[PDB]
Amino acid sequence: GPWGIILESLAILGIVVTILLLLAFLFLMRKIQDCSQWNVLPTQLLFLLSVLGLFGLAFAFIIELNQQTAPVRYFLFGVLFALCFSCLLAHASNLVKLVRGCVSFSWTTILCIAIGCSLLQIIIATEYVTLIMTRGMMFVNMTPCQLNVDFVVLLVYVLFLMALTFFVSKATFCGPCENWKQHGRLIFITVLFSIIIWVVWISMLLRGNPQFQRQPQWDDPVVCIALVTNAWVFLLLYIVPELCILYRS
Amino acid sequence: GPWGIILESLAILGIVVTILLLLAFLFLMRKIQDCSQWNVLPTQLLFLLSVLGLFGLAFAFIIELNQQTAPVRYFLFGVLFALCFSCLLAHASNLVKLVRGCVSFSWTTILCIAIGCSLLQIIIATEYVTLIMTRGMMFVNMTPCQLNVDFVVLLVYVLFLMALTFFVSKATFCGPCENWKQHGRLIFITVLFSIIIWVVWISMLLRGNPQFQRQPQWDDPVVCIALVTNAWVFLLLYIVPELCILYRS
Amino acid sequence: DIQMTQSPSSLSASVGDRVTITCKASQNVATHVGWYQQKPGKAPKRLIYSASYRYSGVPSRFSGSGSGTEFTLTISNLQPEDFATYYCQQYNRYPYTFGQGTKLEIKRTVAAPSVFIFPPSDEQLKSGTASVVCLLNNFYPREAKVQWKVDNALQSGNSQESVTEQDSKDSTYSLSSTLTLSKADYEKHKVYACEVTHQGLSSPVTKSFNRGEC
Amino acid sequence: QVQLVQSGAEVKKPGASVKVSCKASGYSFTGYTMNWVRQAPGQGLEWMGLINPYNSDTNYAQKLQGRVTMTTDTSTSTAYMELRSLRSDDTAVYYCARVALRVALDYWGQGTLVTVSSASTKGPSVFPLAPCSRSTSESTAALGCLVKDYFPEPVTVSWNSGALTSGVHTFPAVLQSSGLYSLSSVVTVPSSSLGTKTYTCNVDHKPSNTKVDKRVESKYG
Ligand SMILES: CC(C)CCC[C@@H](C)[C@H]1CC[C@H]2[C@@H]3CC=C4C[C@@H](O)CC[C@]4(C)[C@H]3CC[C@]12C
Ligand SMILES: CC(C)CCC[C@@H](C)[C@H]1CC[C@H]2[C@@H]3CC=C4C[C@@H](O)CC[C@]4(C)[C@H]3CC[C@]12C
Ligand SMILES: CC(C)CCC[C@@H](C)[C@H]1CC[C@H]2[C@@H]3CC=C4C[C@@H](O)CC[C@]4(C)[C@H]3CC[C@]12C
Ligand SMILES: CC(C)CCC[C@@H](C)[C@H]1CC[C@H]2[C@@H]3CC=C4C[C@@H](O)CC[C@]4(C)[C@H]3CC[C@]12C
Ligand SMILES: CC(C)CCC[C@@H](C)[C@H]1CC[C@H]2[C@@H]3CC=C4C[C@@H](O)CC[C@]4(C)[C@H]3CC[C@]12C
Ligand SMILES: CC(C)CCC[C@@H](C)[C@H]1CC[C@H]2[C@@H]3CC=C4C[C@@H](O)CC[C@]4(C)[C@H]3CC[C@]12C
């Protein structure tokens with residue numbers, strides 16, 4: 001169908017936009033003097049880089065499922081999504097500690113929370129890919145059900161990161177400080193939309209696609225649609241409002 | 001050959017000794033009034049509960065590879081050694097926070113550190129075992145070289161835990177208080193002997209065995225000898241001196 | 001290896017009939033079974049992968065089912081282009097193993113064969129050998145049993161049978177039995193007969209000739 | 001779209017080696033594993049081995065190890081299979097089959113026939129097949145041409161090459177113990193047709209360039 005030419009365009013424009021916003025963030029690193037909201041900026045740079053990685057990875061699902069592209073998908077998908085949600089979790093934890101009235105974390109500490117929370121997913125993904133490509137049969141003799149089950153089960157730590165970020169961002173809603181509540185509100189909205197999208201495509205891939213007798217014709221389309229849509233949610237519900245808030249300061 | 005009814009007898013004697021050590025530690029856990037020394041009594045019990053788990057696992061190396069024993073080996077070896085070295089690391093960290101004048105951790109915090117420093121190895125081991133059993137050729141279809149390489153590489157995080165415990169137990173030698181550096185000395189000697197044993201048996205399994213033209217009839221005896229020797233080092237160099245020190249009150 | 005046994009080896013049916021081919025695996029191969037269709041002289045064609053999925057361009061008449069060690073290919077509405085050889089293959093583990101093949105044949109009414117006999121030519125006799133030919137024209141089914149009787153004696157090991165494929169017009173077979181002898185062996189007997197039996201004939205029919213009356 | 005084109009049929013001797021090529025087009029050749037499957041005449045399909053073109057990793061069948069060698073050429077995107085120490089049971093049709101993910105052997109080559117025999121290229125010998133005493137009622141007379149002692153396959157036999165199609169049966173060839181082949185081509189005509197119409201068998205053995213055009217009639221000239 002036309003999903004190979006629409007989504008690719010929706011990828012390509014995204015690849016443009018997440019660069020420009022990246023530039024629109026870097027210049028702000030020369031102009032923001034708050035010492036409390038500046039500490040999140042390297043983490044948001046890493047988040048923008050991970051969104052760019054997601055938009056680039058969408059081509060791996062647009063291009064035919066190959067013995068070359070399957071390790072690329074099975075490694076990069078969970079790793080980049082865990083990087084995004086770990087950056088969101090670090091920002092939400094900084095907001096939790098800021099709304100309560102405590103001194104904000106340094107940017108190095110927030111970057112350590114952003115990177116170290118995504119290292120477990122990196123270890124899991126590299127172990128799975130190395131074991132399949134070395135000890136296994138190089139994805140060759142796997143049924144569509146086996147591949148879908150492995151792809152879903154490989155994302156359990158990412159789902160745990162989603163739930164943890166949801167609860168931590170919800171914890172920002174109470175406290176004596178009110179000017180940090182809007183950042184946590186944006187994070188909460190983004191995580192809720194991401195959770196809804198993830199529930200939708202997991203239910204469609206595991207159960208919806210065999211129900212409509214469209215397996216495995218709809219697997220790569222629903223995963224690519226979910227990838228592009230959630231990357232656009234990351235761009236539009238979190239990054240752009242953060243840019244708007246940081247610009248008027 | 002000659003390793004029969006010597007390694008097995010040593011394993012049975014170690015089981016009996018460590019059950020007696022469990023009984024003695026449970027007796028002295030309720031017969032102390034110090035709130036600083038008590039904070040390590042739970043986790044060391046878990047340490048002892050790991051050491052016993054080592055000895056019975058030695059039986060799994062007395063029997064040949066088969067199909068019901070190879071996952072048991074490849075899981076329990078890494079899991080139990082990670083538990084042992086994590087308990088040692090938790091005790092060493094509690095000693096490091098002492099000596100320098102600070103208050104000790106709670107027993108819950110030390111036990112949580114011991115569990116969390118081994119949860120990663122648990123995850124790695126179950127991922128490897130499940131992927132070998134389900135999504136790849138099983139252990140009966142693997143060459144001895146591949147089996148030895150996989151067995152050595154599966155313990156990278158355990159080796160990292162050993163090095164971290166070595167460097168933490170080295171760091172407690174500088175301090176005003178003379179009452180706590182004896183425990184750190186015991187931990188340092190135990191970790192150094194474990195490092196020596198691990199280097200010797202890894203070198204024997206990976207490189208010494210093909211150079212001696214005897215493979216794989218010196219794979220299981222060497223791993224079982226190393227396991228029994230390290231468990232006896234854990235009993236005699238750490239558990240018995242801590243028992244003698246704790247008995248003086 | 002994993003042995004993959006088909007049942008039956010060959011079955012007969014008509015256009016519009018529903019047929020079922022059963023494949024049995026020695027070991028548990030989960031659902032990693034494909035089904036292929038091969039025509040005489042052409043490469044095998046894909047029909048089924050993963051024991052229940054159809055490739056693109058495969059008609060909906062073919063349906064795969066089963067799991068474990070029991071698999072089934074079902075053709076609902078038979079077509080003239082569906083008559084071919086069907087193979088079940090497993091790809092759970094290496095090496096790949098195929099079935100022995102189930103040949104699908106057109107079923108029709110039983111037709112009696114037309115039986116003729118041809119002597120060796122004199123040019124062939126000048127070459128050195130002699131060949132007597134027994135021809136069976138359009139008949140059904142394929143199972144026809146031929147005896148070579150010379151002077152009311154049964155010879156074995158010196159006859160070769162050629163059978164054509166099913167005809168595209170009336171779905172009938174044809175058989176040719178060739179008996180080979182030397183010239184010195186051929187110039188020793190005087191009665192040369194070919195007897196055939198088939199379950200479309202009341203009695204086994206024979207055709208005889210003698211050298212000198214040709 | 002996806003096409004696998006192999007080389008032509010080859011005839012060898014039972015001490016030689018054979019190379020079968022497989023040109024692949026319409027897809028990324030590097031990212032798909034290639035199997036090689038052989039079929040004996042009249043038998044089922046037999047799997048021989050695989051090669052991954054990305055890293056030239058091969059996997060052969062147990063009974064074929066030591067004489068099968070699989071290579072790939074990425075620049076021309078062609079998979080080669082070499083079989084050494086050929087035997088008479090290695091006469092088979094060979095296929096290159098591509099493996100894609102989630103599926104089974106979905107694309108196949110047209111097949112290359114390798115015929116391993118010690119016999120040389122020989123011209124066919126054509127003999128007539130006419131009844132001893134015809135026209136005893138029963139107007140379903142049969143005539144034939146027997147082609148014998150030829151090598152290699154194939155031979156096309158046509159009765160007058162433009163006229164006789166009704167009731168023409170060309171039997172498959174049977175490999176004799178001498179190493180050569182033989183078949184028969186029969187025709188069914190009414191018992192009044194012969195004696196007023198000529199009958200010839202155009203024999204068109206290509207590897208020997210032999211045409212015989214033997215005429216069949218009951219005895220006489
Ligand atoms: C599976 C592992 C890697 C997940 C790790 C999650 C960590 C990084 C998260 C989970 C809960 C978080 C804490 C939740 C609440 C608070 C209280 C606040 O006043 C300071 C921040 C602090 C202390 C957060 C720091 C970051 C934190 C500890
Ligand atoms: C699989 C492995 C690599 C996972 C590593 C993650 C764990 C061990 C580490 C990586 C980064 C770490 C965080 C970095 C910084 C801080 C701030 C400090 O005031 C409290 C602890 C806290 C919140 C750490 C908790 C533990 C943490 C999340
Ligand atoms: C913090 C919590 C949520 C982390 C959970 C970690 C563990 C339980 C998870 C993380 C990755 C998971 C693995 C990912 C992929 C597969 C392949 C599948 O065919 C069988 C299960 C298996 C092998 C999973 C087993 C469970 C697993 C090891
Ligand atoms: C791979 C991951 C899971 C390893 C985690 C190791 C953790 C539990 C270890 C590594 C380094 C350790 C710290 C090293 C030094 C100090 C300073 C001392 O005054 C208090 C204890 C403290 C703060 C230790 C606490 C425990 C610690 C943080
Ligand atoms: C793979 C996953 C499950 C590994 C989990 C291990 C990590 C995330 C956790 C488990 C136990 C944790 C430790 C528990 C207690 C303390 C004491 C606190 O004052 C500082 C942090 C510190 C030292 C934690 C550091 C991070 C830690 C080591
Ligand atoms: C804190 C540090 C030391 C943790 C290191 C974790 C990562 C890098 C390690 C832990 C377990 C390791 C795996 C264990 C076993 C094998 C099987 C071998 O045939 C290929 C490599 C492979 C698949 C390893 C890859 C690297 C790996 C995933």
Side-chain angles (χ1 to χ4, degrees), chain A residues 39 42-43 46 78-79 82-83 85-98 100 102-128 156-161 164-165 168 171, chain B residues 39-40 43 46 78-79 82-83 85-128 155-177 180-181 184 187 191:
Chain A
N39 296 350
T43 310
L46 182 59
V79 159
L83 271 161
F85 287 123
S86 296
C87 291
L88 282 171
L89 174 67
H91 195 183
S93 311
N94 192 40
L95 290 162
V96 161
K97 183 175 174 66
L98 262 173
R100 260 68 163 169
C102 320
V103 176
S104 179
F105 280 132
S106 66
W107 70 273
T108 61
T109 299
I110 300 176
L111 195 66
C112 294
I113 318 166
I115 295 183
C117 283
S118 81
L119 277 170
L120 180 52
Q121 182 62 40
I122 287 169
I123 289 167
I124 287 164
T126 198
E127 178 164 5
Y128 174 83
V156 57
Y157 174 60
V158 188
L159 289 164
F160 169 75
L161 274 178
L164 206 70
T165 301
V168 171
Chain B
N39 285 358
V40 298
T43 189
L46 164 70
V79 161
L83 294 174
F85 289 126
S86 307
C87 290
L88 285 168
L89 177 57
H91 193 186
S93 303
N94 186 31
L95 288 157
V96 170
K97 183 175 174 66
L98 298 183
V99 194
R100 294 170 195 222
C102 295
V103 193
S104 67
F105 293 103
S106 66
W107 73 268
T108 55
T109 302
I110 300 164
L111 183 68
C112 276
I113 290 163
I115 295 168
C117 289
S118 66
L119 271 176
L120 181 53
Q121 179 64 35
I122 288 175
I123 291 172
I124 286 170
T126 180
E127 176 168 15
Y128 172 80
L155 311 158
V156 164
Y157 174 61
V158 182
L159 288 159
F160 169 78
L161 271 177
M162 293 177 71
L164 196 68
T165 318
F166 179 84
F167 279 116
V168 168
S169 46
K170 182 174 72 68
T172 187
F173 286 153
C174 295
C177 188
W180 306 118
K181 296 183 289 294
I187 296 187
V191 172

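Letters go in sequence order (proteins before strands), and every chain restarts at 1. For ligands, and for the atoms within them, numbers begin at 1 and follow the listed sequence.
Counting only heavy atoms, the protein never gets under 4.0 Å from atom 25 (C) of ligand 5. Inside a 4.0 Å radius of atom 22 (C) of ligand 2 there is not any protein heavy atom.
Residue B:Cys117 touches ligand 4 through its side chain alone, judged by heavy-atom distances below 4.0 Å.
Partner of A:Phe105 under the side chain to side chain contact (heavy atoms under 4.5 Å, CB included) criterion, out of A:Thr108, A:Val103, A:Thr109: A:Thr109 alone.
Which of A:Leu119, B:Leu164, B:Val96 comes nearest to atom 6 (C) of ligand 4 through a heavy atom is settled by distance: it is B:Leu164.
Remark: minimum distance from atom 5 (C) of ligand 2 to any protein heavy atom is reached at A:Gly116 O, 3.5 Å. A:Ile113 CG1, 4.5 Å is the protein heavy atom nearest to atom 13 (C) of ligand 2. Of all protein heavy atoms, the one lying nearest to atom 14 (C) of ligand 4 is B:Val168 CG2, 4.8 Å. Atom 12 (C) of ligand 4 has B:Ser93 OG, 4.4 Å as its closest protein atom, hydrogens excluded (heavy atom only). The protein heavy-atom contact nearest to atom 19 (O) of ligand 4 is B:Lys97 CA, 4.1 Å. Of all protein heavy atoms, the one closest to atom 2 (C) of ligand 2 is B:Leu120 CD2, 4.2 Å. Summary of contacts: the protein heavy atom closest to atom 17 (C) of ligand 5 is B:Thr109 CG2, 4.0 Å.
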